[PDB]
Amino acid sequence: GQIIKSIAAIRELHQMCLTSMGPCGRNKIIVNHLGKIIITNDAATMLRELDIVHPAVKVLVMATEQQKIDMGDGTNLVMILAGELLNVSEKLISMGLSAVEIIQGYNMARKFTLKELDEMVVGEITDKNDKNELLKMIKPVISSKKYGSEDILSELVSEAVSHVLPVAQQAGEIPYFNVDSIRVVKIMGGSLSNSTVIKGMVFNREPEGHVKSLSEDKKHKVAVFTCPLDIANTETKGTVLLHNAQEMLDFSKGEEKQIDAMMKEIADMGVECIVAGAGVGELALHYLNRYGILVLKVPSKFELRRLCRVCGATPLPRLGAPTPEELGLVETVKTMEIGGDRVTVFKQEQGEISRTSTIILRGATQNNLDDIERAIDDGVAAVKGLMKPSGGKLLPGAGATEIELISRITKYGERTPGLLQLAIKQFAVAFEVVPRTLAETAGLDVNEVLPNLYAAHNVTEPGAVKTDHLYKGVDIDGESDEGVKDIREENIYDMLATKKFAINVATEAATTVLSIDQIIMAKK
Amino acid sequence: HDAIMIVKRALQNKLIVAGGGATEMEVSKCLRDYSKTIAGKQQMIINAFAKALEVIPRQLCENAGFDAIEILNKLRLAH
Amino acid sequence: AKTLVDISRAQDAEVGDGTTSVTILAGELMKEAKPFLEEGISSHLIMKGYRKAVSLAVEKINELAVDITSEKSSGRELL
Amino acid sequence: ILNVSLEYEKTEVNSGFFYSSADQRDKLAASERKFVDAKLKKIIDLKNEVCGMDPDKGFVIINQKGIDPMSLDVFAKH
């Protein structure tokens, strides 16, 4: 009976994810062997920091990463649903129903569910990219992660998305929004109300010079130099040495005349900003302060890629050749104090619209500061789901989708004759774990809220056409309430691309586990 | 010199409360009355927070030599 | 347990007073919630009960705290 | 199929061409593009003689070796 114990091993990790999804969820502190503490509420990220023993668990871990890479949302829906499909199948495996027909039953039930998802769409997203329209999609993403910040973070995330998107409609050929267009930075001090939205990357380091900021002139030229600042020498070796004191005056003054001659040609071309990816010498910073050139050093090659998409600058393999064709243009750059420390940021005004933005976060709690950093990244992938593959369609969330599927699947159970009725009925019952998890973690009685959920989606209406309220979902309460509430009040919806993709992954995940009747292992 | 150093910290922040268990006891007493108007499990939970505020004057009296058992009943009586 | 140390360092930095009292208050609040777990009460309503008490406490502290400037006082007689 | 190198080449020993003036730019860079321009100018002449007028046709270069940034703008215009 290893197939039963294999589910029990997953059951130990099943309750771990049951404490994640929902507003009652919480991050888990993990101490790495290198002495580094990673804290995040997302369960998919936690799986990478956990040591997996049984190889059957890795099947669900590999299926969990499928949800994060493509859609990026619904990782908790894939792991929790796949764990429940094994529990409802444990009764079928024991009852004497072969696991072969159990797999065949899920394949027939999966095709019946995918056809019903198109008829469950209530509203449709027009892809207007309006600040108020993005508040409907972002609110449920921030929900079930961090409580109380859903109102403040909704305006910060939706504002940065509208900055990187151009003005277009009814065009899906050329993609626009990427996953790197939104960067998350953090600084000690302040609160969430004082946070703002920047139209470009934010640099928290020092300018390393007596020039704090440039002027207000339009279209500042920015040059990215990969070669460090120093006198030009032979690429092979070329170490400066002093044999006698006679060559000291020639080599010292030679570096002063050569560097000043190269910096003069750069300032004459109109370049007020020089980006040096490598180290900067001592004599180089002296000439840049007199010409009024801002000093910027970005050793990371990843940050230089997003900078080229904004102003249009290109890294030059040499030094002293400011080719105007490859130079970039930025409207306004300023150095302001945000969060208690003076930093030099990067933004724009009108022209040279930036394709990458950065949101500045402030707060007095260090633990909740890193949790919001991981929560915004989940909201970035939500905008990507607005593309052609069913980006506008949406389904009601907050447990309203999983409960409504029960009445439709059981209707097709008695329609299909044969032994498939056992797997079809258990496939709909497995969806009851989602409303039960939200009700159990919220302190609500199972004998109270659960029977009202079944009576909400199942009523007797004197007519053929459905009526009254089909929008009743699952409520977390937290203060007081009687029965349930309508989801249309808070406008919490789930996208079709996220829900439809999470069902196929969770179905194939449980299919692999049920198909394995034997596991061979070897000690290392 | 001592009089200036006392009002020095009061000049930086002019928002102050009465110390020595005064404010701590007033908060614990009002939350017990506010819970009486709040139905549900939150009533006994708020009363637990009001009792948790009594540890601050306790340790202050125990470390100073006073009896935390007698001062708790005598303070609430006049409170 | 490192959370109590992290909030204590921020208490000594941004303020400088109440580094010891914030740990005792957070710990005593934990002891009052210990018997609530054995009864089956979930932590959701436990958090909502304390957050509601703090929300009512901030409004009460502002009423208890006496800040007066031009009313029966001045910038001098007050100090 | 094109077996010649369309990218700038360097001496077997590490070396570079550094010009201190605009006049020395075309003098030093001409040695690297000498082999490139000889093959490149003959390829673009094939597009004018063959498949110049004919619509709905194209021309593709294999070029097993690398590509220099100079030829990227020439291939984009054609």
# chains A, B, ... in the order shown; residues from 1 in each chain; ligands from 1
>>> residues_around(residues="residue 17 in chain B", least_positions_apart="5", cutoff="8 Å", atoms="only C-alpha atoms", output="VMD selection string")
(chain B and resid 23) or (chain C and resid 61 64 to 66)
>>> write_last_selection(atoms="C-alpha atoms", output="mmCIF file, in the first residue's frame")
data_model
loop_
_atom_site.group_PDB
_atom_site.id
_atom_site.type_symbol
_atom_site.label_atom_id
_atom_site.label_comp_id
_atom_site.auth_asym_id
_atom_site.auth_seq_id
_atom_site.Cartn_x
_atom_site.Cartn_y
_atom_site.Cartn_z
ATOM 1 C CA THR B 23 -3.240 55.514 31.233
ATOM 2 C CA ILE C 61 -5.102 57.656 23.964
ATOM 3 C CA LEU C 64 -6.505 60.834 27.387
ATOM 4 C CA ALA C 65 -3.443 62.699 26.109
ATOM 5 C CA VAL C 66 -3.862 66.390 26.928
#
>>> select_by_dssp(residues="chain D", states="alpha helix (DSSP H)", output="count of residues only")
36
>>> interface_residues(of="chain C", to="chain A", cutoff="9 Å", atoms="only C-alpha atoms", output="short mmCIF file (atom, residue, chain, number, x, y, z; two decimals) with C-alpha atoms, in the first residue's frame")
data_model
loop_
_atom_site.label_atom_id
_atom_site.label_comp_id
_atom_site.auth_asym_id
_atom_site.auth_seq_id
_atom_site.Cartn_x
_atom_site.Cartn_y
_atom_site.Cartn_z
CA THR C 3 10.80 39.11 15.80
CA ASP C 6 13.82 43.14 15.57
CA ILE C 7 10.95 45.26 16.93
CA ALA C 10 13.44 49.71 15.92
CA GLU C 14 13.08 55.52 15.95
CA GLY C 40 -10.34 25.39 19.24
CA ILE C 41 -10.55 29.12 18.51
CA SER C 42 -8.75 29.91 15.27
CA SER C 43 -6.11 32.64 15.14
CA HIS C 44 -8.15 34.69 12.64
CA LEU C 45 -10.66 36.00 15.18
CA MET C 47 -6.03 38.75 15.55
CA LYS C 48 -9.21 40.68 14.73
CA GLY C 49 -10.03 40.96 18.43
#
>>> residues_around(residues="range 3-6 of chain D", least_positions_apart="6", cutoff="10 Å", atoms="only C-alpha atoms", output="list in words")
residues 33, 35, 36, 37, 38, 39, 40, 61, 62, 63, 64, 65, 66, 67, 68, 69, 70 and 71 of chain D
>>> write_last_selection(atoms="N, CA, C and O atoms", output="PDB file, in the first residue's frame")
ATOM      1  N   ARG D  33      37.690  45.770 -41.307  1.00  0.00           N
ATOM      2  CA  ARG D  33      36.606  45.674 -42.275  1.00  0.00           C
ATOM      3  C   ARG D  33      37.098  45.457 -43.700  1.00  0.00           C
ATOM      4  O   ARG D  33      36.276  45.420 -44.621  1.00  0.00           O
ATOM      5  N   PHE D  35      38.508  42.702 -45.014  1.00  0.00           N
ATOM      6  CA  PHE D  35      37.984  41.414 -45.452  1.00  0.00           C
ATOM      7  C   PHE D  35      36.462  41.392 -45.423  1.00  0.00           C
ATOM      8  O   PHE D  35      35.837  40.667 -46.205  1.00  0.00           O
ATOM      9  N   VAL D  36      35.849  42.178 -44.534  1.00  0.00           N
ATOM     10  CA  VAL D  36      34.393  42.203 -44.440  1.00  0.00           C
ATOM     11  C   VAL D  36      33.793  42.936 -45.634  1.00  0.00           C
ATOM     12  O   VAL D  36      32.868  42.438 -46.287  1.00  0.00           O
ATOM     13  N   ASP D  37      34.311  44.129 -45.939  1.00  0.00           N
ATOM     14  CA  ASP D  37      33.752  44.924 -47.028  1.00  0.00           C
ATOM     15  C   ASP D  37      33.953  44.258 -48.382  1.00  0.00           C
ATOM     16  O   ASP D  37      33.130  44.440 -49.285  1.00  0.00           O
ATOM     17  N   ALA D  38      35.035  43.494 -48.545  1.00  0.00           N
ATOM     18  CA  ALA D  38      35.269  42.814 -49.816  1.00  0.00           C
ATOM     19  C   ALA D  38      34.175  41.795 -50.104  1.00  0.00           C
ATOM     20  O   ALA D  38      33.686  41.700 -51.236  1.00  0.00           O
ATOM     21  N   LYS D  39      33.778  41.022 -49.092  1.00  0.00           N
ATOM     22  CA  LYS D  39      32.719  40.037 -49.276  1.00  0.00           C
ATOM     23  C   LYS D  39      31.335  40.675 -49.219  1.00  0.00           C
ATOM     24  O   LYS D  39      30.431  40.264 -49.953  1.00  0.00           O
ATOM     25  N   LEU D  40      31.154  41.681 -48.359  1.00  0.00           N
ATOM     26  CA  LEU D  40      29.828  42.263 -48.168  1.00  0.00           C
ATOM     27  C   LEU D  40      29.367  43.034 -49.399  1.00  0.00           C
ATOM     28  O   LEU D  40      28.201  42.937 -49.797  1.00  0.00           O
ATOM     29  N   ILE D  61      21.199  34.475 -45.675  1.00  0.00           N
ATOM     30  CA  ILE D  61      22.608  34.125 -45.543  1.00  0.00           C
ATOM     31  C   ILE D  61      22.762  33.208 -44.339  1.00  0.00           C
ATOM     32  O   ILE D  61      22.211  33.483 -43.266  1.00  0.00           O
ATOM     33  N   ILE D  62      23.510  32.118 -44.514  1.00  0.00           N
ATOM     34  CA  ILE D  62      23.769  31.184 -43.423  1.00  0.00           C
ATOM     35  C   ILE D  62      24.786  31.800 -42.470  1.00  0.00           C
ATOM     36  O   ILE D  62      24.455  32.130 -41.326  1.00  0.00           O
ATOM     37  N   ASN D  63      26.026  31.959 -42.938  1.00  0.00           N
ATOM     38  CA  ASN D  63      27.094  32.614 -42.180  1.00  0.00           C
ATOM     39  C   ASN D  63      27.317  31.913 -40.835  1.00  0.00           C
ATOM     40  O   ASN D  63      26.929  32.397 -39.770  1.00  0.00           O
ATOM     41  N   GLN D  64      27.933  30.730 -40.928  1.00  0.00           N
ATOM     42  CA  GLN D  64      28.226  29.931 -39.741  1.00  0.00           C
ATOM     43  C   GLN D  64      28.960  30.733 -38.670  1.00  0.00           C
ATOM     44  O   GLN D  64      28.739  30.517 -37.473  1.00  0.00           O
ATOM     45  N   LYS D  65      29.827  31.658 -39.074  1.00  0.00           N
ATOM     46  CA  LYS D  65      30.585  32.451 -38.120  1.00  0.00           C
ATOM     47  C   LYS D  65      29.749  33.634 -37.630  1.00  0.00           C
ATOM     48  O   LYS D  65      28.586  33.811 -38.004  1.00  0.00           O
ATOM     49  N   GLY D  66      30.352  34.457 -36.778  1.00  0.00           N
ATOM     50  CA  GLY D  66      29.644  35.551 -36.147  1.00  0.00           C
ATOM     51  C   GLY D  66      29.339  36.693 -37.102  1.00  0.00           C
ATOM     52  O   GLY D  66      29.658  36.673 -38.291  1.00  0.00           O
ATOM     53  N   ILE D  67      28.697  37.721 -36.548  1.00  0.00           N
ATOM     54  CA  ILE D  67      28.274  38.897 -37.297  1.00  0.00           C
ATOM     55  C   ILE D  67      28.724  40.139 -36.540  1.00  0.00           C
ATOM     56  O   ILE D  67      28.520  40.238 -35.325  1.00  0.00           O
ATOM     57  N   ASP D  68      29.335  41.080 -37.255  1.00  0.00           N
ATOM     58  CA  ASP D  68      29.750  42.337 -36.657  1.00  0.00           C
ATOM     59  C   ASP D  68      28.569  43.300 -36.559  1.00  0.00           C
ATOM     60  O   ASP D  68      27.588  43.175 -37.295  1.00  0.00           O
ATOM     61  N   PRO D  69      28.633  44.272 -35.641  1.00  0.00           N
ATOM     62  CA  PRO D  69      27.534  45.245 -35.535  1.00  0.00           C
ATOM     63  C   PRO D  69      27.419  46.171 -36.732  1.00  0.00           C
ATOM     64  O   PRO D  69      26.375  46.817 -36.892  1.00  0.00           O
ATOM     65  N   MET D  70      28.452  46.265 -37.573  1.00  0.00           N
ATOM     66  CA  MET D  70      28.383  47.150 -38.732  1.00  0.00           C
ATOM     67  C   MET D  70      27.397  46.631 -39.773  1.00  0.00           C
ATOM     68  O   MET D  70      26.640  47.412 -40.361  1.00  0.00           O
ATOM     69  N   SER D  71      27.391  45.320 -40.015  1.00  0.00           N
ATOM     70  CA  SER D  71      26.513  44.735 -41.021  1.00  0.00           C
ATOM     71  C   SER D  71      25.069  44.601 -40.554  1.00  0.00           C
ATOM     72  O   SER D  71      24.208  44.240 -41.364  1.00  0.00           O
TER      73      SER D  71
END
>>> closest_atom_pairs(of="chain D", to="chain A", cutoff="7 Å", atoms="only C-alpha atoms", output="Markdown table")
| residue | atom | partner | partner_atom | distance |
| --- | --- | --- | --- | --- |
| D:14 | CA | A:236 | CA | 6.1 |
| D:15 | CA | A:235 | CA | 6.1 |
| D:16 | CA | A:235 | CA | 6.5 |
>>> write_last_selection(atoms="N, CA, C and O atoms", output="PDB file, in the first residue's frame")
ATOM      1  N   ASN D  14      46.561  39.205 -28.321  1.00  0.00           N
ATOM      2  CA  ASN D  14      45.577  40.214 -27.950  1.00  0.00           C
ATOM      3  C   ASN D  14      46.070  41.609 -28.312  1.00  0.00           C
ATOM      4  O   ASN D  14      47.164  42.020 -27.914  1.00  0.00           O
ATOM      5  N   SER D  15      45.253  42.336 -29.071  1.00  0.00           N
ATOM      6  CA  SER D  15      45.602  43.675 -29.520  1.00  0.00           C
ATOM      7  C   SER D  15      44.320  44.428 -29.841  1.00  0.00           C
ATOM      8  O   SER D  15      43.250  43.834 -29.995  1.00  0.00           O
ATOM      9  N   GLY D  16      44.444  45.749 -29.940  1.00  0.00           N
ATOM     10  CA  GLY D  16      43.302  46.588 -30.248  1.00  0.00           C
ATOM     11  C   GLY D  16      43.728  47.833 -30.995  1.00  0.00           C
ATOM     12  O   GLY D  16      44.897  48.233 -30.968  1.00  0.00           O
TER      13      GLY D  16
END
>>> residues_around(residues="residue 402 in chain A", least_positions_apart="5", cutoff="8 Å", atoms="only C-alpha atoms", output="PyMOL selection string")
chain A and resi 431-432+434-435
>>> write_last_selection(atoms="N, CA, C and O atoms", output="PDB file, in the first residue's frame")
ATOM      1  N   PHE A 431     -13.437  19.864  -5.247  1.00  0.00           N
ATOM      2  CA  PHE A 431     -13.437  21.320  -5.277  1.00  0.00           C
ATOM      3  C   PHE A 431     -13.929  21.941  -3.976  1.00  0.00           C
ATOM      4  O   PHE A 431     -13.832  23.163  -3.819  1.00  0.00           O
ATOM      5  N   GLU A 432     -14.448  21.138  -3.047  1.00  0.00           N
ATOM      6  CA  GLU A 432     -14.932  21.653  -1.772  1.00  0.00           C
ATOM      7  C   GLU A 432     -13.809  22.016  -0.810  1.00  0.00           C
ATOM      8  O   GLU A 432     -14.088  22.576   0.255  1.00  0.00           O
ATOM      9  N   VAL A 434     -11.431  24.212  -1.350  1.00  0.00           N
ATOM     10  CA  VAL A 434     -11.173  25.648  -1.453  1.00  0.00           C
ATOM     11  C   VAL A 434     -12.105  26.428  -0.527  1.00  0.00           C
ATOM     12  O   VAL A 434     -11.616  27.248   0.264  1.00  0.00           O
ATOM     13  N   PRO A 435     -13.432  26.233  -0.571  1.00  0.00           N
ATOM     14  CA  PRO A 435     -14.281  26.964   0.384  1.00  0.00           C
ATOM     15  C   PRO A 435     -14.089  26.518   1.822  1.00  0.00           C
ATOM     16  O   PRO A 435     -14.253  27.334   2.737  1.00  0.00           O
TER      17      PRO A 435
END
>>> residues_around(residues="residue 299 in chain A", least_positions_apart="2", cutoff="7 Å", atoms="only C-alpha atoms", output="list in words")
residues 277, 278, 297 and 301 of chain A
>>> residues_around(residues="residue 36 in chain B", least_positions_apart="6", cutoff="10 Å", atoms="only C-alpha atoms", output="number ranges by chain")
B: 42-44, 46-47
>>> write_last_selection(atoms="N, CA and C atoms", output="CSV table (one decimal), in the first residue's frame")
chain,number,residue,atom,x,y,z
B,42,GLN,N,-15.1,37.9,19.8
B,42,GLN,CA,-14.2,39.1,20.1
B,42,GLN,C,-14.4,39.7,21.5
B,43,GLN,N,-15.5,39.4,22.2
B,43,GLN,CA,-15.7,39.9,23.5
B,43,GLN,C,-14.7,39.4,24.5
B,44,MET,N,-14.5,38.1,24.5
B,44,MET,CA,-13.5,37.5,25.4
B,44,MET,C,-12.1,37.7,25.0
B,46,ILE,N,-11.0,40.7,23.5
B,46,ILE,CA,-10.6,42.0,23.9
B,46,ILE,C,-10.4,42.1,25.4
B,47,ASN,N,-11.2,41.3,26.2
B,47,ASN,CA,-10.9,41.3,27.7
B,47,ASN,C,-9.6,40.6,28.0
>>> closest_atom_pairs(of="chain B", to="chain C", cutoff="10 Å", atoms="only C-alpha atoms", output="Markdown table")
| residue | atom | partner | partner_atom | distance |
| --- | --- | --- | --- | --- |
| B:3 | CA | C:79 | CA | 9.8 |
| B:4 | CA | C:79 | CA | 9.6 |
| B:6 | CA | C:79 | CA | 9.3 |
| B:7 | CA | C:79 | CA | 6.2 |
| B:8 | CA | C:79 | CA | 9.3 |
| B:10 | CA | C:79 | CA | 7.8 |
| B:11 | CA | C:79 | CA | 8.2 |
| B:14 | CA | C:67 | CA | 6.8 |
| B:15 | CA | C:67 | CA | 6.0 |
| B:16 | CA | C:65 | CA | 5.7 |
| B:17 | CA | C:65 | CA | 4.8 |
| B:18 | CA | C:65 | CA | 7.6 |
| B:22 | CA | C:64 | CA | 9.9 |
| B:23 | CA | C:64 | CA | 7.3 |
| B:24 | CA | C:61 | CA | 9.7 |
| B:26 | CA | C:64 | CA | 8.7 |
| B:27 | CA | C:57 | CA | 6.5 |
| B:28 | CA | C:57 | CA | 9.2 |
| B:30 | CA | C:60 | CA | 8.7 |
| B:31 | CA | C:53 | CA | 6.7 |
| B:32 | CA | C:53 | CA | 9.8 |
| B:34 | CA | C:56 | CA | 8.7 |
| B:35 | CA | C:53 | CA | 8.9 |
| B:40 | CA | C:45 | CA | 9.6 |
| B:41 | CA | C:45 | CA | 7.3 |
| B:42 | CA | C:49 | CA | 4.9 |
| B:43 | CA | C:49 | CA | 7.7 |
| B:44 | CA | C:49 | CA | 8.6 |
| B:45 | CA | C:49 | CA | 5.5 |
| B:46 | CA | C:49 | CA | 5.6 |
| B:47 | CA | C:53 | CA | 9.1 |
| B:48 | CA | C:32 | CA | 5.9 |
| B:49 | CA | C:29 | CA | 6.4 |
| B:50 | CA | C:53 | CA | 8.6 |
| B:51 | CA | C:32 | CA | 8.0 |
| B:52 | CA | C:29 | CA | 5.3 |
| B:53 | CA | C:25 | CA | 6.9 |
| B:54 | CA | C:25 | CA | 9.1 |
| B:55 | CA | C:28 | CA | 7.1 |
| B:56 | CA | C:21 | CA | 7.1 |
| B:59 | CA | C:24 | CA | 9.6 |
>>> write_last_selection(atoms="N, CA and C atoms", output="short mmCIF file (atom, residue, chain, number, x, y, z; two decimals), in the first residue's frame")
data_model
loop_
_atom_site.label_atom_id
_atom_site.label_comp_id
_atom_site.auth_asym_id
_atom_site.auth_seq_id
_atom_site.Cartn_x
_atom_site.Cartn_y
_atom_site.Cartn_z
N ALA B 3 15.41 71.12 36.19
CA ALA B 3 14.10 71.52 35.68
C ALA B 3 14.11 71.72 34.17
N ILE B 4 15.25 72.12 33.61
CA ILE B 4 15.34 72.33 32.16
C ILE B 4 15.40 70.99 31.43
N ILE B 6 14.07 68.23 32.27
CA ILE B 6 12.77 67.56 32.27
C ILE B 6 11.89 68.11 31.16
N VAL B 7 11.81 69.44 31.04
CA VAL B 7 11.00 70.06 30.00
C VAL B 7 11.67 70.05 28.64
N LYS B 8 12.94 69.65 28.57
CA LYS B 8 13.63 69.59 27.28
C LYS B 8 13.01 68.53 26.38
N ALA B 10 10.12 67.27 26.70
CA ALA B 10 8.73 67.62 26.47
C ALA B 10 8.56 68.67 25.38
N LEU B 11 9.61 69.43 25.06
CA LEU B 11 9.52 70.42 24.00
C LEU B 11 9.60 69.78 22.62
N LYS B 14 5.24 67.40 22.18
CA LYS B 14 4.28 67.97 23.12
C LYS B 14 3.09 67.05 23.37
N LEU B 15 3.10 65.84 22.82
CA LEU B 15 2.02 64.88 23.01
C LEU B 15 2.46 63.89 24.08
N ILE B 16 1.83 63.96 25.26
CA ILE B 16 2.23 63.17 26.41
C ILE B 16 0.99 62.59 27.08
N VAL B 17 1.22 61.57 27.91
CA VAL B 17 0.16 60.92 28.68
C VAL B 17 0.62 60.79 30.13
N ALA B 18 -0.33 60.48 31.00
CA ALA B 18 -0.04 60.29 32.42
C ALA B 18 0.53 58.89 32.64
N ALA B 22 -1.55 54.97 35.22
CA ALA B 22 -2.77 55.75 35.01
C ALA B 22 -3.40 55.42 33.66
N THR B 23 -2.70 55.75 32.57
CA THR B 23 -3.24 55.51 31.23
C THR B 23 -3.43 54.03 30.96
N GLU B 24 -2.53 53.19 31.49
CA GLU B 24 -2.62 51.75 31.24
C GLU B 24 -3.88 51.16 31.86
N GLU B 26 -6.75 52.94 32.53
CA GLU B 26 -7.93 53.49 31.86
C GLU B 26 -8.24 52.75 30.57
N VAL B 27 -7.21 52.35 29.82
CA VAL B 27 -7.43 51.62 28.58
C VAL B 27 -8.01 50.24 28.87
N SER B 28 -7.50 49.57 29.91
CA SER B 28 -7.99 48.23 30.24
C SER B 28 -9.43 48.26 30.72
N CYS B 30 -11.83 50.58 29.81
CA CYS B 30 -12.76 50.95 28.74
C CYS B 30 -12.96 49.81 27.76
N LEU B 31 -11.90 49.05 27.47
CA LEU B 31 -12.03 47.93 26.53
C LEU B 31 -12.94 46.84 27.07
N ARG B 32 -13.03 46.70 28.40
CA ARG B 32 -13.96 45.74 28.97
C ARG B 32 -15.41 46.18 28.76
N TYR B 34 -16.35 48.23 26.17
CA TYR B 34 -16.59 48.19 24.73
C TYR B 34 -16.85 46.77 24.25
N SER B 35 -16.24 45.77 24.91
CA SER B 35 -16.49 44.38 24.53
C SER B 35 -17.91 43.95 24.88
N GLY B 40 -20.13 38.12 19.87
CA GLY B 40 -19.24 37.17 19.24
C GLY B 40 -18.04 36.84 20.10
N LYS B 41 -17.11 36.10 19.48
CA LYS B 41 -15.91 35.65 20.18
C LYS B 41 -14.95 36.80 20.49
N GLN B 42 -15.10 37.94 19.83
CA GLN B 42 -14.22 39.08 20.07
C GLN B 42 -14.39 39.69 21.45
N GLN B 43 -15.48 39.35 22.16
CA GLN B 43 -15.69 39.92 23.49
C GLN B 43 -14.68 39.38 24.49
N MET B 44 -14.50 38.06 24.54
CA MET B 44 -13.53 37.48 25.45
C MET B 44 -12.09 37.71 24.98
N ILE B 45 -11.89 38.03 23.71
CA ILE B 45 -10.55 38.29 23.21
C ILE B 45 -10.08 39.69 23.61
N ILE B 46 -10.97 40.68 23.51
CA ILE B 46 -10.61 42.03 23.94
C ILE B 46 -10.37 42.07 25.44
N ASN B 47 -11.16 41.31 26.21
CA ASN B 47 -10.94 41.25 27.65
C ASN B 47 -9.59 40.63 27.99
N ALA B 48 -9.09 39.74 27.13
CA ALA B 48 -7.76 39.18 27.35
C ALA B 48 -6.67 40.21 27.10
N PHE B 49 -6.88 41.11 26.14
CA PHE B 49 -5.91 42.18 25.90
C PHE B 49 -5.90 43.19 27.03
N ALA B 50 -7.06 43.45 27.64
CA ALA B 50 -7.11 44.36 28.78
C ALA B 50 -6.37 43.79 29.98
N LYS B 51 -6.44 42.47 30.17
CA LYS B 51 -5.69 41.83 31.25
C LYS B 51 -4.20 41.80 30.95
N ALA B 52 -3.83 41.71 29.67
CA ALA B 52 -2.42 41.69 29.29
C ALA B 52 -1.74 43.03 29.54
N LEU B 53 -2.50 44.12 29.64
CA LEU B 53 -1.93 45.43 29.93
C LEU B 53 -1.56 45.60 31.40
N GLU B 54 -1.98 44.68 32.27
CA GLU B 54 -1.69 44.78 33.70
C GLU B 54 -0.28 44.33 34.05
N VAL B 55 0.47 43.77 33.10
CA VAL B 55 1.82 43.30 33.41
C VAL B 55 2.79 44.47 33.54
N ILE B 56 2.51 45.59 32.89
CA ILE B 56 3.39 46.76 32.93
C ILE B 56 3.43 47.34 34.35
N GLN B 59 5.28 44.53 37.08
CA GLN B 59 6.73 44.45 37.21
C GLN B 59 7.33 45.73 37.77
#
>>> residues_around(residues="residue 288 in chain A", least_positions_apart="3", cutoff="12 Å", atoms="only C-alpha atoms", output="PyMOL selection string")
chain A and resi 207-212+229+259-264+266-267+271-275+280-285+291-296
>>> atom_distance(atom1="CA of residue 39 in chain A", atom2="CA of residue 34 in chain C")
25.3 Å
>>> atom_distance(atom1="CA of residue 51 in chain D", atom2="CA of residue 76 in chain D")
16.6 Å
>>> atom_distance(atom1="CA of residue 465 in chain A", atom2="CA of residue 115 in chain A")
19.8 Å
>>> closest_residue(among="B:2, B:29, B:39, B:78", to="chain A", atoms="only C-alpha atoms")
B:39
>>> decode(residues="range 62-73 of chain D", atoms="N, CA and C atoms", output="compact mmCIF listing (two decimals), in the first residue's frame")
# COMPACT_ATOMS: atom_id res chain seq x y z
N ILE D 62 23.51 32.12 -44.51
CA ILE D 62 23.77 31.18 -43.42
C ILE D 62 24.79 31.80 -42.47
N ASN D 63 26.03 31.96 -42.94
CA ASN D 63 27.09 32.61 -42.18
C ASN D 63 27.32 31.91 -40.83
N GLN D 64 27.93 30.73 -40.93
CA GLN D 64 28.23 29.93 -39.74
C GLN D 64 28.96 30.73 -38.67
N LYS D 65 29.83 31.66 -39.07
CA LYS D 65 30.58 32.45 -38.12
C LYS D 65 29.75 33.63 -37.63
N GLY D 66 30.35 34.46 -36.78
CA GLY D 66 29.64 35.55 -36.15
C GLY D 66 29.34 36.69 -37.10
N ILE D 67 28.70 37.72 -36.55
CA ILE D 67 28.27 38.90 -37.30
C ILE D 67 28.72 40.14 -36.54
N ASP D 68 29.34 41.08 -37.25
CA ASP D 68 29.75 42.34 -36.66
C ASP D 68 28.57 43.30 -36.56
N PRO D 69 28.63 44.27 -35.64
CA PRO D 69 27.53 45.25 -35.53
C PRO D 69 27.42 46.17 -36.73
N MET D 70 28.45 46.27 -37.57
CA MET D 70 28.38 47.15 -38.73
C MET D 70 27.40 46.63 -39.77
N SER D 71 27.39 45.32 -40.01
CA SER D 71 26.51 44.73 -41.02
C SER D 71 25.07 44.60 -40.55
N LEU D 72 24.78 44.87 -39.28
CA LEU D 72 23.41 44.75 -38.79
C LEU D 72 22.51 45.82 -39.40
N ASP D 73 23.05 47.03 -39.62
CA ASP D 73 22.26 48.09 -40.22
C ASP D 73 22.11 47.92 -41.72
